[PDB]
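A single chain comes next, written as structure tokens; it is the form deposited without this ligand.
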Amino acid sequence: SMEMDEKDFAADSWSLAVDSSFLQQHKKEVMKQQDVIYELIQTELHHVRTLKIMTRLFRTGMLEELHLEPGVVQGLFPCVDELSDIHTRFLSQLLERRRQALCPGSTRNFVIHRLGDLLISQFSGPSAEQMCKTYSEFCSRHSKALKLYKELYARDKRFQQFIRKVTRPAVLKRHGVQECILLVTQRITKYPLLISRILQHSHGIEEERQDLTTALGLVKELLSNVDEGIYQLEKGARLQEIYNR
């Protein structure tokens, strides 16, 4: 993450991020809504950071430092550029909605009133089709990636040294290779939880309640489609084992 955004989302809640004199101007129900929206954006920032660890620290480091066989790095990090593009774009839209909502003279005091429309856009049309295609592919390659990682770590000294080197810093404690893969697979199933709780605190404007209801249904449609489109790939699986599925 970049420092501006890290600082903007350093606090444990929206109510602790904003100035206390600003907080005091709002009703409790608005504070509750804003706290959950803040969690959505904060966790999206962290998800994009997970993807940057995967692309920049691991994938690109392996290509630059190690002599792995063709196709190995793609097998460890399936679809990571596509995933980075999807979520970096989504993050950009969330952060621009925040920035537009800032009070003049402030870099921290805002209220987001119109999130539902942004979520409808993300989870419909071409962007939703791309999310579905990319997660169906990634999640079907998940087992294969973990098994390839374990094999290389156990057998290739320079690979082991590389991993131990770049994962030594304390700030990588939660973000080894396998941990990053599972964080990414689990991201998509976080969205209904977050959206439903935003919706619980968004009844004051009926247009907003309606838009978040529509968004929640689109997100669940995406997840159902991804779930039905997964079949785990296995290195060395024979045709007979597949057609006897």
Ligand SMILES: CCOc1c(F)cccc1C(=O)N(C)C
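Under this definition, the rigid core comprises the largest set of C-alpha atoms superposing within 1.5 Å between the forms. Sequential numbering from 1, following the sequence displayed.
**Q** After fitting on the rigid core, which stretch moves more in 9 other deposited structures of this protein, 153 to 161 or 69 to 77, going by C-alpha RMS?
**A** If we average over structures and residues in 9 other deposited structures of this protein, the farther stretch is 69 to 77.
**Q** Rigid core superposed, root mean square over structures and residues, which stretch has C-alphas farther from this form in 9 other deposited structures of this protein, 60 to 68 or 30 to 38?
**A** Comparing 30 to 38 with 60 to 68, the one that moves more in 9 other deposited structures of this protein is 60 to 68.
**Q** Do the C-alpha atoms of 194 to 202 or of 56 to 64 have the higher average B factor in the entry?
**A** The deposited B-factors put 56 to 64 ahead on the C-alpha mean.
**Q** When the C-alpha temperature factors are averaged for each of 158 to 166 and 93 to 101, which stretch ends up with the higher value in the entry?
**A** Between 158 to 166 and 93 to 101, it is 158 to 166.
**Q** According to the Cα B-factor stored in this entry, which of the following is highest: 88, 106, 134, 74?
**A** Spelled out: the listed residue with the top C-alpha B-factor is 74.
**Q** Quiz for you: based on the deposited Cα B-factor, which of 209, 187, 27, 49 is highest?
**A** Result of the comparison over 209, 187, 27, 49: 27.
**Q** Going by the entry, which third of its chain does the Cα temperature factor of residue 140 land in?
**A** Lowest third of the chain for residue 140's C-alpha B-factor.
**Q** For residue 118, return the chain-relative third of its C-alpha B-factor as stated in the PDB record: lowest, middle or highest.
**A** For residue 118, the deposited C-alpha B-factor lands in the middle third.
**Q** Ordered by C-alpha B-factor within the chain, which third holds residue 6? Give me lowest, middle or highest, please.
**A** Middle third.
**Q** Per the entry's values, where does residue 110 land by CA temperature factor relative to the rest of its chain, in the lowest, middle or highest third?
**A** Tercile = lowest for this residue's CA B-factor.
**Q** By the recorded C-alpha temperature factor, relative to the other modelled residues in its chain, which third is residue 173 in?
**A** Its C-alpha B-factor belongs to the middle third of this chain's values.
The protein also exists as the form deposited with this ligand bound; that form is not presented, and the subsequent description refers to it.
**Q** Is residue 130 close enough to this ligand in the deposited complex to count, meaning some heavy atom within 4.5 Å?
**A** The answer is yes: residue 130 has a heavy atom within 4.5 Å of this ligand.
**Q** Is it the case that residue 156, even though its partner is missing from this view, gets within 4.5 Å of this ligand in the deposited complex, heavy atoms only?
**A** Looking in the deposited complex, residue contacts with this ligand do not include residue 156, since no heavy atom lies within 4.5 Å.
**Q** Determine whether any heavy atom of residue 168 comes within 4.5 Å of a heavy atom of this ligand in the deposited complex, and answer yes or no.
**A** Residue 168: no contact with this ligand in the deposited complex.
**Q** Taking the shortest heavy atom distance, is residue 82 within 4.5 Å of this ligand in the deposited complex?
**A** Answer yes; at least one heavy atom of residue 82 falls within 4.5 Å of this ligand in the deposited complex.
**Q** Let me test this: is every residue among 112, 114 and 204 within 4.5 Å of this ligand in the deposited complex, going by heavy atom positions?
**A** No, none of 112, 114 and 204 comes within 4.5 Å of this ligand in the deposited complex.
**Q** May I ask you to choose, among 118, 86, 72, 95, the residue with a heavy atom within 4.5 Å of this ligand in the deposited complex?
**A** The option sitting close enough to the partner is 86.
**Q** Note that this ligand is not shown here; using its position in the deposited complex, name the residues of 93 to 126 with a heavy atom within 4.5 Å of it, in sequence order.
**A** Contacts from 93 to 126: just 126.
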